[PDB]
Amino acid sequence: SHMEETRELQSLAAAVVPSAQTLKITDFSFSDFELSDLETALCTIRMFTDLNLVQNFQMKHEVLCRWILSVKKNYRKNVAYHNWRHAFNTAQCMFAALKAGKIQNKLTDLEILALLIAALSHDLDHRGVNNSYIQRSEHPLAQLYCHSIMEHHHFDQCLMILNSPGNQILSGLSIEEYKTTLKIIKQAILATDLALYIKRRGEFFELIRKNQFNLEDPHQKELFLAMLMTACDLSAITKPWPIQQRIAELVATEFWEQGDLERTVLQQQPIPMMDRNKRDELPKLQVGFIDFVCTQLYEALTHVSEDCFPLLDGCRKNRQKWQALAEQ
Amino acid sequence: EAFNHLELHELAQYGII
Amino acid sequence: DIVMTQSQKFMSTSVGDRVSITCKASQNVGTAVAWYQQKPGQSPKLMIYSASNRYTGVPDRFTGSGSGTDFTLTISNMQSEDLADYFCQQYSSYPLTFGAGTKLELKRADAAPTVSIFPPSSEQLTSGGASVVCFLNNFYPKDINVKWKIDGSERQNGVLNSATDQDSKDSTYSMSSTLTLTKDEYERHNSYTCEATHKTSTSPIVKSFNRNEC
Amino acid sequence: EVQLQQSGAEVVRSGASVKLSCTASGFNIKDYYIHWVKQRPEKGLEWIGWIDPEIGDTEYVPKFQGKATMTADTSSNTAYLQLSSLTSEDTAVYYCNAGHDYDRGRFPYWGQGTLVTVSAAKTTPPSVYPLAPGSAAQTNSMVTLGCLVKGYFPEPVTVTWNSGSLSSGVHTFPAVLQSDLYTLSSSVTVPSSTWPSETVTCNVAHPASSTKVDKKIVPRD
Ligand SMILES: CC(C)Cn1c(=O)n(C)c(=O)c2nc[nH]c21
Ligand SMILES: CC(C)Cn1c(=O)n(C)c(=O)c2nc[nH]c21
């Protein structure tokens with residue numbers, strides 16, 4: 001067990017990392033379905049590499065590799081949607097955003113590094129259940145943390161791993177750099193709490209609306225950084241139909257799995273969205289969600305960067321298909 | 001997690017709050 | 001509703017035979033089909049699922065194949081314990097539906113039935129009713145036809161037939177055929193005849209009596 | 001092993017109701033969907049619907065709405081099927097079976113079934129008629145005698161010959177309905193030389209009506 005892990009590092013820290021072109025990770029329309037585990041890790045390395053993070057922060061191939069692997073093994077396999085392939089698909093979206101969407105040219109190297117590390121670990125040790133549930137079931141994690149419970153935990157984990165020996169991919173940073181990187185990373189991961197996205201997006205939607213929004217502003221920026229996290233965290237909804245189709249199948253199951261617990265240990269009725277029996281009201285529930293949470297946001301993101309439009313396009317394109325379905 | 005009471009239904013019927 | 005058709009209600013087999021049982025779906029069900037085995041008064045049992053996968057613990061002599069609309073359960077080297085009813089089921093979509101079943105029976109040598117006819121008893125007659133019973137015992141194969149004639153004329157109405165399951169010991173079948181009339185209807189005729197046609201004879205077996213003698 | 005045990009057979013009156021049980025042992029029903037399927041005499045199995053014992057959610061096919069009511073209880077591991085306003089058409093063998101809740105429809109576990117017989121008939125003792133062969137002088141070997149048991153309700157009746165001494169050579173047929181009442185016959189075959197020199201009597205019993213009838217078969221009609 002420890003053995004398969006350790007050879008995994010041997011084989012990984014010695015394979016050639018293919019180009020970004022080869023890996024089609026520059027694409028908003030990208031899919032992981034056909035990649036192996038080892039391949040995904042490789043992409044990740046290519047990500048760090050092509051963002052100049054590797055060179056500008058004196059990362060040793062050895063270390064990065066260990067770290068990456070560590071994150072991989074700290075996502076739960078038994079968990080339907082919120083496994084490693086989610087953290088990975090998010091980071092790739094994030095990567096695609098900075099490159100093809102052209103945002104890199106809009107922010108610092110400290111920020112880029114933080115976003116990537118955050119994107120990768122924003123859901124660590126997610127146990128396939130929402131903040132709402134853990135709160136209502138008096139999980140000890142709820143006793144520990146106040147608000148954004150899970151997201152606080154995801155970070156507690158991220159940080160535990162970065163402090164692990166031979167995982168200090170940050171070891172190269174000045175203490176001041178390190179110190180503020182971590183700050184941003186904390187902000188990023190917490191931002192993936194849907195509740196904060198909601199309690200904050202209004203502000204941001206207006207600066208856009210009023211043609212006032214401007215990156216230069218320190219605060220305006222860090223808000224946007226939150227919004228960007230959300231944007232990638234659920235980028236799945238902006239995928240080609242056949243993909244969106246299938247990934248919506250996982251979210252489906254994971255929800256329904258929680259729904260079961262709600263009436264088996266909690267003895268409450270689950271929301272329809274997690275009510276396994278109501279599987280036939282999926283598509284409208286999808287529609288309402290896309291309307292409520294998504295289009296709104298990806299629109300904004302394009303006003304900020306035009307080259308980010310494919311996200312908006314793919315989003316409404318799926319909304320189209322769910323709506324049809326909802327009408328059988 | 002305190003929001004406007006009109007919002008509350010939509011918020012909950014999706015996995016939020 | 002998807003109709004699952006098992007065209008063969010019965011199939012005679014012998015220990016050692018390779019036997020195949022068919023099931024046809026009225027719609028494309030993919031490989032979403034399962035096969036069950038059932039013995040009298042016992043729980044059905046899962047044998048095959050996903051059209052070709054053997055369920056845990058079922059012996060390797062059972063296999064299944066097919067997809068779309070045509071499916072087949074195959075027993076290689078049939079064993080005595082395999083004599084039972086089998087039925088397919090699709091779980092492609094609701095409502096879940098089943099085939100009507102195919103019963104595996106044992107093969108033996110053909111045997112001609114022993115036919116006996118009995119008039120109404122005087123006792124039943126004092127009751128105002130008249131049942132004429134005919135037994136067709138210990139024959140093989142099961143395919144058989146019984147015909148009744150009242151004064152040489154075919155009688156269609158009023159006859160009820162009952163059959164025993166294949167004998168667990170001698171592998172034969174037996175049957176009773178009884179014509180029920182009222183005393184008045186029965187007493188308006190003379191000749192009653194029970195005729196059995198079975199592959200074991202070109203001349204049907206004919207049994208009869210005349211009311212005026214008996 | 002994993003087992004589904006169903007309650008015994010019921011003979012019920014038309015218009016009434018009956019509640020069937022299905023008890024699980026060796027496993028827990030909570031993470032399964034419990035389905036019920038009906039099997040009418042000379043007919044194929046027909047699905048009734050399922051219940052999710054975890055939440056109590058049930059789904060019935062339209063033909064059984066208001067006919068069947070499924071309930072379950074995970075602590076005692078028992079599922080129930082209530083059938084109301086019963087009619088002749090509800091006479092059938094009812095099976096409960098189980099499959100993983102996340103599974104499309106494989107039925108790995110089945111109960112042995114419960115036979116439910118519905119009728120508006122009253123309990124009636126049978127009339128037993130001797131079946132003796134006519135005096136046809138044609139010379140022959142083995143002789144077959146019989147007894148016609150007619151007009152009784154409910155099933156069953158048991159029939160023996162010479163108090164069980166004559167076991168080989170007897171055929172007792174399945175009963176069939178003749179306007180709400182049952183009828184069956186039993187034949188016995190003995191050597192020609194042993195009858196009538198040795199008595200042959202059919203013993204018929206009908207526990208429902210607390211009746212026992214012995215008919216000695218004598219030559220003639
Ligand atoms: C304790 C901390 C400020 C020192 N420090 C640091 O400077 N870098 C660069 C790291 O990567 C690191 N990891 C743990 N501590 C670290
Ligand atoms: C946290 C997450 C399950 C929320 N979420 C999501 O990310 N995607 C991609 C969906 O399609 C979706 N539908 C409801 N919630 C959803």
# chains A, B, ... in the order shown; residues from 1 in each chain; ligands from 1
>>> residues_near_ligand(ligand="ligand 2", cutoff="10 Å", atoms="only C-alpha atoms and all ligand atoms", output="ChimeraX atom specification")
/A:81-82,86,123,128-131,192-194,230-239,244-245,247-252,254-255,273-274,282-283,285-290,293-294 /B:13-16
>>> select_by_dssp(residues="segment 24-124 of chain C", states="strand (DSSP E or B)", output="compact mmCIF listing (two decimals) with N, CA and C atoms, in the first residue's frame")
# COMPACT_ATOMS: atom_id res chain seq x y z
N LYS C 24 -37.42 -13.74 -25.98
CA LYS C 24 -37.40 -12.63 -26.93
C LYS C 24 -38.07 -11.41 -26.31
N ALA C 25 -37.44 -10.24 -26.45
CA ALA C 25 -37.98 -8.99 -25.92
C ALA C 25 -38.66 -8.26 -27.08
N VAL C 33 -30.86 -8.09 -19.01
CA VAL C 33 -31.72 -9.24 -18.82
C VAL C 33 -31.15 -10.19 -17.78
N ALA C 34 -32.03 -10.82 -17.01
CA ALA C 34 -31.61 -11.77 -15.99
C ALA C 34 -32.42 -13.04 -16.16
N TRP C 35 -31.86 -14.16 -15.71
CA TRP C 35 -32.54 -15.46 -15.78
C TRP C 35 -32.68 -16.02 -14.38
N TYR C 36 -33.84 -16.58 -14.08
CA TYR C 36 -34.12 -17.16 -12.78
C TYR C 36 -34.52 -18.61 -12.89
N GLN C 37 -34.18 -19.38 -11.86
CA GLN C 37 -34.55 -20.79 -11.76
C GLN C 37 -35.55 -20.95 -10.63
N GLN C 38 -36.60 -21.72 -10.87
CA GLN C 38 -37.56 -21.97 -9.82
C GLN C 38 -38.07 -23.42 -9.76
N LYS C 45 -34.55 -18.18 -8.01
CA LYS C 45 -33.14 -17.90 -7.75
C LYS C 45 -32.47 -17.25 -8.95
N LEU C 46 -31.62 -16.26 -8.69
CA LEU C 46 -30.91 -15.57 -9.74
C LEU C 46 -29.80 -16.45 -10.32
N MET C 47 -29.84 -16.65 -11.63
CA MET C 47 -28.84 -17.49 -12.26
C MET C 47 -27.89 -16.70 -13.13
N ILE C 48 -28.45 -15.88 -14.00
CA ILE C 48 -27.70 -15.08 -14.95
C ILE C 48 -28.21 -13.65 -14.86
N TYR C 49 -27.32 -12.68 -15.06
CA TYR C 49 -27.73 -11.27 -15.07
C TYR C 49 -26.89 -10.61 -16.15
N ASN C 53 -23.72 -12.89 -17.59
CA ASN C 53 -22.94 -13.05 -16.37
C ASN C 53 -23.59 -14.01 -15.38
N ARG C 54 -22.79 -14.91 -14.84
CA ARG C 54 -23.23 -15.91 -13.89
C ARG C 54 -23.26 -15.25 -12.51
N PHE C 62 -24.08 -23.19 -16.27
CA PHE C 62 -25.07 -22.25 -16.74
C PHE C 62 -24.38 -21.05 -17.42
N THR C 63 -24.82 -20.68 -18.62
CA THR C 63 -24.26 -19.51 -19.30
C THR C 63 -25.44 -18.84 -19.98
N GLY C 64 -25.26 -17.60 -20.40
CA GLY C 64 -26.33 -16.91 -21.08
C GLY C 64 -25.70 -16.07 -22.15
N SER C 65 -26.48 -15.72 -23.15
CA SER C 65 -25.99 -14.90 -24.24
C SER C 65 -27.13 -14.13 -24.87
N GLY C 66 -26.78 -13.24 -25.79
CA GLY C 66 -27.79 -12.48 -26.49
C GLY C 66 -27.72 -11.02 -26.14
N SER C 67 -28.51 -10.23 -26.84
CA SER C 67 -28.56 -8.79 -26.62
C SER C 67 -29.63 -8.27 -27.55
N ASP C 70 -33.03 -10.80 -28.63
CA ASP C 70 -32.95 -12.25 -28.56
C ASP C 70 -31.94 -12.68 -27.52
N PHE C 71 -32.40 -13.47 -26.54
CA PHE C 71 -31.57 -13.97 -25.42
C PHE C 71 -31.71 -15.46 -25.26
N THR C 72 -30.67 -16.09 -24.72
CA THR C 72 -30.63 -17.53 -24.53
C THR C 72 -29.91 -17.98 -23.25
N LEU C 73 -30.55 -18.88 -22.50
CA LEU C 73 -29.94 -19.45 -21.30
C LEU C 73 -29.49 -20.84 -21.74
N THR C 74 -28.22 -21.17 -21.50
CA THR C 74 -27.70 -22.49 -21.88
C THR C 74 -27.18 -23.29 -20.70
N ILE C 75 -27.61 -24.54 -20.62
CA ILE C 75 -27.13 -25.43 -19.58
C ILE C 75 -26.29 -26.47 -20.32
N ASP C 85 -38.29 -24.83 -13.50
CA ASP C 85 -38.81 -23.79 -14.37
C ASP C 85 -37.76 -22.68 -14.47
N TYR C 86 -37.65 -22.07 -15.64
CA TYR C 86 -36.73 -20.97 -15.86
C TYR C 86 -37.46 -19.80 -16.48
N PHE C 87 -37.13 -18.59 -16.06
CA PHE C 87 -37.77 -17.43 -16.66
C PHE C 87 -36.84 -16.23 -16.75
N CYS C 88 -36.98 -15.51 -17.85
CA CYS C 88 -36.15 -14.34 -18.09
C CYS C 88 -36.90 -13.14 -17.57
N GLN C 89 -36.18 -12.03 -17.45
CA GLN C 89 -36.75 -10.78 -16.97
C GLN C 89 -35.91 -9.66 -17.57
N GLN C 90 -36.53 -8.57 -17.99
CA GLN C 90 -35.77 -7.42 -18.48
C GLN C 90 -35.84 -6.39 -17.37
N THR C 97 -40.55 -6.60 -16.40
CA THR C 97 -41.43 -7.66 -16.89
C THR C 97 -40.71 -9.01 -17.02
N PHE C 98 -41.48 -10.09 -16.93
CA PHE C 98 -40.93 -11.45 -16.97
C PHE C 98 -41.51 -12.30 -18.10
N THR C 102 -40.25 -21.57 -18.80
CA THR C 102 -40.02 -22.79 -19.58
C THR C 102 -39.69 -23.86 -18.55
N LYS C 103 -40.41 -24.98 -18.57
CA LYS C 103 -40.15 -26.06 -17.61
C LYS C 103 -39.36 -27.21 -18.24
N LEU C 104 -38.23 -27.53 -17.63
CA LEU C 104 -37.36 -28.62 -18.07
C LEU C 104 -37.87 -29.92 -17.47
N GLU C 105 -38.16 -30.89 -18.34
CA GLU C 105 -38.70 -32.17 -17.92
C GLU C 105 -37.79 -33.31 -18.34
N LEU C 106 -38.05 -34.47 -17.75
CA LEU C 106 -37.21 -35.63 -18.00
C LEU C 106 -37.73 -36.52 -19.13
N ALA C 111 -44.84 -44.39 -23.59
CA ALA C 111 -45.68 -45.36 -22.94
C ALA C 111 -47.10 -44.99 -23.32
N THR C 114 -53.22 -45.88 -20.15
CA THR C 114 -54.18 -46.90 -19.74
C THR C 114 -55.50 -46.14 -19.55
N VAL C 115 -56.48 -46.41 -20.42
CA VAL C 115 -57.76 -45.70 -20.40
C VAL C 115 -58.87 -46.49 -19.73
N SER C 116 -59.67 -45.80 -18.92
CA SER C 116 -60.79 -46.43 -18.22
C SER C 116 -61.90 -45.42 -18.18
N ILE C 117 -63.12 -45.87 -18.44
CA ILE C 117 -64.27 -44.99 -18.41
C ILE C 117 -65.25 -45.54 -17.35
N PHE C 118 -65.93 -44.63 -16.68
CA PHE C 118 -66.90 -44.97 -15.63
C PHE C 118 -68.18 -44.20 -15.83
>>> residues_near_ligand(ligand="ligand 1", cutoff="6 Å", atoms="only C-alpha atoms and all ligand atoms", output="NGL selection string")
:A and (163 or 168 or 170-175 or 178)
>>> interface_residues(of="chain A", to="chain D", cutoff="10 Å", atoms="only C-alpha atoms", output="PyMOL selection string")
chain A and resi 253+256-257+259-265+267-269+276-277
>>> closest_atom_pairs(of="chain C", to="chain D", cutoff="7 Å", atoms="only C-alpha atoms", output="JSON lines")
{"residue": "C:34", "atom": "CA", "partner": "D:106", "partner_atom": "CA", "distance": 6.6}
{"residue": "C:41", "atom": "CA", "partner": "D:112", "partner_atom": "CA", "distance": 6.1}
{"residue": "C:42", "atom": "CA", "partner": "D:112", "partner_atom": "CA", "distance": 4.5}
{"residue": "C:43", "atom": "CA", "partner": "D:112", "partner_atom": "CA", "distance": 3.8}
{"residue": "C:44", "atom": "CA", "partner": "D:110", "partner_atom": "CA", "distance": 5.7}
{"residue": "C:45", "atom": "CA", "partner": "D:108", "partner_atom": "CA", "distance": 6.3}
{"residue": "C:46", "atom": "CA", "partner": "D:108", "partner_atom": "CA", "distance": 4.8}
{"residue": "C:49", "atom": "CA", "partner": "D:106", "partner_atom": "CA", "distance": 6.8}
{"residue": "C:91", "atom": "CA", "partner": "D:105", "partner_atom": "CA", "distance": 5.0}
{"residue": "C:96", "atom": "CA", "partner": "D:47", "partner_atom": "CA", "distance": 6.5}
{"residue": "C:97", "atom": "CA", "partner": "D:47", "partner_atom": "CA", "distance": 6.6}
{"residue": "C:98", "atom": "CA", "partner": "D:45", "partner_atom": "CA", "distance": 5.9}
{"residue": "C:99", "atom": "CA", "partner": "D:44", "partner_atom": "CA", "distance": 6.4}
{"residue": "C:100", "atom": "CA", "partner": "D:44", "partner_atom": "CA", "distance": 4.0}
{"residue": "C:101", "atom": "CA", "partner": "D:44", "partner_atom": "CA", "distance": 6.9}
{"residue": "C:118", "atom": "CA", "partner": "D:131", "partner_atom": "CA", "distance": 5.9}
{"residue": "C:121", "atom": "CA", "partner": "D:221", "partner_atom": "CA", "distance": 5.5}
{"residue": "C:122", "atom": "CA", "partner": "D:221", "partner_atom": "CA", "distance": 6.2}
{"residue": "C:123", "atom": "CA", "partner": "D:129", "partner_atom": "CA", "distance": 6.8}
{"residue": "C:124", "atom": "CA", "partner": "D:129", "partner_atom": "CA", "distance": 6.5}
{"residue": "C:162", "atom": "CA", "partner": "D:174", "partner_atom": "CA", "distance": 6.3}
{"residue": "C:163", "atom": "CA", "partner": "D:173", "partner_atom": "CA", "distance": 6.5}
{"residue": "C:164", "atom": "CA", "partner": "D:173", "partner_atom": "CA", "distance": 5.9}
{"residue": "C:214", "atom": "CA", "partner": "D:134", "partner_atom": "CA", "distance": 6.0}
>>> write_last_selection(atoms="N, CA and C atoms", output="mmCIF file, in the first residue's frame")
data_model
loop_
_atom_site.group_PDB
_atom_site.id
_atom_site.type_symbol
_atom_site.label_atom_id
_atom_site.label_comp_id
_atom_site.auth_asym_id
_atom_site.auth_seq_id
_atom_site.Cartn_x
_atom_site.Cartn_y
_atom_site.Cartn_z
ATOM 1 N N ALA C 34 -32.027 -10.823 -17.009
ATOM 2 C CA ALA C 34 -31.605 -11.768 -15.994
ATOM 3 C C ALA C 34 -32.416 -13.039 -16.163
ATOM 4 N N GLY C 41 -43.044 -24.553 -5.233
ATOM 5 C CA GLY C 41 -43.149 -24.069 -3.854
ATOM 6 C C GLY C 41 -41.888 -23.474 -3.223
ATOM 7 N N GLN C 42 -40.861 -23.203 -4.032
ATOM 8 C CA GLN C 42 -39.597 -22.631 -3.561
ATOM 9 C C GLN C 42 -39.341 -21.255 -4.177
ATOM 10 N N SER C 43 -38.443 -20.490 -3.546
ATOM 11 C CA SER C 43 -38.090 -19.147 -4.004
ATOM 12 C C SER C 43 -37.447 -19.296 -5.372
ATOM 13 N N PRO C 44 -37.798 -18.435 -6.336
ATOM 14 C CA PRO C 44 -36.941 -18.298 -7.517
ATOM 15 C C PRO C 44 -35.500 -17.942 -7.113
ATOM 16 N N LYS C 45 -34.550 -18.183 -8.011
ATOM 17 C CA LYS C 45 -33.144 -17.899 -7.754
ATOM 18 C C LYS C 45 -32.468 -17.254 -8.951
ATOM 19 N N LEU C 46 -31.624 -16.261 -8.691
ATOM 20 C CA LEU C 46 -30.911 -15.574 -9.738
ATOM 21 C C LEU C 46 -29.802 -16.453 -10.316
ATOM 22 N N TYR C 49 -27.322 -12.684 -15.055
ATOM 23 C CA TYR C 49 -27.735 -11.273 -15.069
ATOM 24 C C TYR C 49 -26.885 -10.614 -16.148
ATOM 25 N N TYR C 91 -34.781 -5.598 -17.232
ATOM 26 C CA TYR C 91 -34.763 -4.519 -16.253
ATOM 27 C C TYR C 91 -34.215 -3.283 -16.954
ATOM 28 N N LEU C 96 -40.794 -3.467 -14.810
ATOM 29 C CA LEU C 96 -39.973 -4.674 -15.001
ATOM 30 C C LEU C 96 -40.944 -5.771 -15.441
ATOM 31 N N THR C 97 -40.547 -6.601 -16.399
ATOM 32 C CA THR C 97 -41.429 -7.664 -16.894
ATOM 33 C C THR C 97 -40.705 -9.010 -17.019
ATOM 34 N N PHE C 98 -41.477 -10.089 -16.929
ATOM 35 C CA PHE C 98 -40.930 -11.447 -16.972
ATOM 36 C C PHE C 98 -41.514 -12.300 -18.102
ATOM 37 N N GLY C 99 -40.734 -13.309 -18.505
ATOM 38 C CA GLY C 99 -41.221 -14.268 -19.482
ATOM 39 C C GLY C 99 -42.157 -15.198 -18.708
ATOM 40 N N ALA C 100 -42.970 -15.987 -19.402
ATOM 41 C CA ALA C 100 -43.921 -16.877 -18.741
ATOM 42 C C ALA C 100 -43.321 -18.186 -18.244
ATOM 43 N N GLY C 101 -42.029 -18.384 -18.483
ATOM 44 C CA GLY C 101 -41.351 -19.579 -17.989
ATOM 45 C C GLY C 101 -41.300 -20.761 -18.930
ATOM 46 N N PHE C 118 -65.935 -44.629 -16.675
ATOM 47 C CA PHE C 118 -66.895 -44.972 -15.629
ATOM 48 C C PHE C 118 -68.179 -44.198 -15.833
ATOM 49 N N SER C 121 -72.501 -42.908 -10.963
ATOM 50 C CA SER C 121 -72.914 -43.886 -9.950
ATOM 51 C C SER C 121 -74.388 -43.605 -9.700
ATOM 52 N N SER C 122 -75.131 -44.648 -9.339
ATOM 53 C CA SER C 122 -76.560 -44.532 -9.060
ATOM 54 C C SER C 122 -76.767 -43.463 -7.982
ATOM 55 N N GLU C 123 -75.810 -43.392 -7.062
ATOM 56 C CA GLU C 123 -75.837 -42.430 -5.962
ATOM 57 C C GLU C 123 -75.780 -40.998 -6.451
ATOM 58 N N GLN C 124 -74.881 -40.703 -7.382
ATOM 59 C CA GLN C 124 -74.816 -39.342 -7.909
ATOM 60 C C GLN C 124 -76.112 -39.067 -8.622
ATOM 61 N N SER C 162 -58.007 -32.699 -16.099
ATOM 62 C CA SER C 162 -57.048 -32.402 -15.048
ATOM 63 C C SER C 162 -55.827 -33.304 -15.226
ATOM 64 N N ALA C 163 -54.644 -32.716 -15.112
ATOM 65 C CA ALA C 163 -53.412 -33.449 -15.317
ATOM 66 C C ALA C 163 -52.461 -33.411 -14.117
ATOM 67 N N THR C 164 -51.803 -34.540 -13.846
ATOM 68 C CA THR C 164 -50.837 -34.620 -12.758
ATOM 69 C C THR C 164 -49.488 -34.166 -13.343
ATOM 70 N N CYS C 214 -75.642 -51.189 -18.481
ATOM 71 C CA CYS C 214 -75.192 -50.785 -17.157
ATOM 72 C C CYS C 214 -76.181 -49.785 -16.518
#
>>> residues_around(residues="residue 11 of chain A", least_positions_apart="3", cutoff="12 Å", atoms="only C-alpha atoms", output="ChimeraX atom specification")
/A:4-8,14-17,38-39,41-42,62,65-66,69
>>> select_by_dssp(residues="segment 8-185 of chain C", states="helix (DSSP H, G or I)", output="list in words")
residues 80, 81, 82, 122, 123, 124, 125, 183, 184 and 185 of chain C
>>> residues_around(residues="segment 77-80 of chain D", least_positions_apart="4", cutoff="7 Å", atoms="only C-alpha atoms", output="list in words")
residues 19, 20, 21, 22, 23, 24, 28, 29, 70, 71, 72 and 73 of chain D
>>> write_last_selection(atoms="C-alpha atoms", output="tab-separated table (two decimals), in the first residue's frame")
chain	number	residue	atom	x	y	z
D	19	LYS	CA	-52.05	-8.87	4.69
D	20	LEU	CA	-48.99	-10.89	3.60
D	21	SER	CA	-45.58	-10.81	5.28
D	22	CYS	CA	-42.06	-11.31	4.00
D	23	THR	CA	-39.30	-11.60	6.58
D	24	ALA	CA	-35.60	-11.19	5.84
D	28	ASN	CA	-30.95	-6.24	6.20
D	29	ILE	CA	-33.64	-4.90	3.87
D	70	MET	CA	-46.89	-2.13	0.66
D	71	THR	CA	-45.27	-1.28	3.98
D	72	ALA	CA	-41.97	-2.21	5.55
D	73	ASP	CA	-40.11	-2.06	8.83
>>> residues_around(residues="segment 89-104 of chain A", least_positions_apart="5", cutoff="10 Å", atoms="only C-alpha atoms", output="PyMOL selection string")
chain A and resi 24-32+40+43-44+47-48+50-51+84+109+111-112+115-122+228-236+301-302+304-311
>>> residues_around(residues="residue 219 of chain A", least_positions_apart="6", cutoff="12 Å", atoms="only C-alpha atoms", output="list in words")
residues 203, 204, 213, 225 and 226 of chain A
>>> write_last_selection(atoms="N, CA, C and O atoms", output="PDB file, in the first residue's frame")
ATOM      1  N   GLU A 203     -22.447  42.429  -5.147  1.00  0.00           N
ATOM      2  CA  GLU A 203     -21.414  43.461  -5.178  1.00  0.00           C
ATOM      3  C   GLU A 203     -20.686  43.495  -6.520  1.00  0.00           C
ATOM      4  O   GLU A 203     -20.667  44.506  -7.217  1.00  0.00           O
ATOM      5  N   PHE A 204     -20.109  42.357  -6.871  1.00  0.00           N
ATOM      6  CA  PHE A 204     -19.279  42.177  -8.053  1.00  0.00           C
ATOM      7  C   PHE A 204     -20.036  42.303  -9.380  1.00  0.00           C
ATOM      8  O   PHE A 204     -19.492  42.802 -10.362  1.00  0.00           O
ATOM      9  N   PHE A 213     -16.051  48.159 -12.780  1.00  0.00           N
ATOM     10  CA  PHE A 213     -15.116  47.133 -12.344  1.00  0.00           C
ATOM     11  C   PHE A 213     -13.709  47.310 -12.905  1.00  0.00           C
ATOM     12  O   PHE A 213     -13.517  47.470 -14.110  1.00  0.00           O
ATOM     13  N   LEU A 225     -11.063  37.298  -7.483  1.00  0.00           N
ATOM     14  CA  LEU A 225     -10.356  36.036  -7.260  1.00  0.00           C
ATOM     15  C   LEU A 225     -11.264  35.001  -6.654  1.00  0.00           C
ATOM     16  O   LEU A 225     -11.183  33.827  -6.974  1.00  0.00           O
ATOM     17  N   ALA A 226     -12.129  35.451  -5.763  1.00  0.00           N
ATOM     18  CA  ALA A 226     -13.170  34.592  -5.238  1.00  0.00           C
ATOM     19  C   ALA A 226     -14.053  34.129  -6.380  1.00  0.00           C
ATOM     20  O   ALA A 226     -14.235  32.933  -6.583  1.00  0.00           O
TER      21      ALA A 226
END
>>> residues_around(residues="residue 193 of chain D", least_positions_apart="4", cutoff="9 Å", atoms="only C-alpha atoms", output="VMD selection string")
chain D and resid 141 to 143 197 to 198
>>> write_last_selection(atoms="N, CA and C atoms", output="compact mmCIF listing (two decimals), in the first residue's frame")
# COMPACT_ATOMS: atom_id res chain seq x y z
N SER D 141 -56.85 -58.20 -17.70
CA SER D 141 -55.95 -58.25 -16.54
C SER D 141 -56.27 -57.13 -15.52
N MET D 142 -55.25 -56.34 -15.11
CA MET D 142 -55.41 -55.26 -14.11
C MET D 142 -56.75 -54.55 -14.12
N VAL D 143 -57.25 -54.17 -12.94
CA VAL D 143 -58.51 -53.45 -12.89
C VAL D 143 -58.29 -52.07 -12.22
N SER D 197 -62.44 -59.97 -4.81
CA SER D 197 -62.22 -60.93 -3.72
C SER D 197 -61.67 -60.23 -2.49
N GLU D 198 -61.01 -59.10 -2.69
CA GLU D 198 -60.44 -58.33 -1.60
C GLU D 198 -61.00 -56.91 -1.71
>>> atom_distance(atom1="atom CA of residue 198 of chain C", atom2="atom CA of residue 171 of chain C")
16.6 Å
>>> atom_distance(atom1="atom CA of residue 26 of chain C", atom2="atom CA of residue 3 of chain C")
5.3 Å
>>> atom_distance(atom1="atom CA of residue 64 of chain A", atom2="atom CA of residue 167 of chain A")
6.7 Å
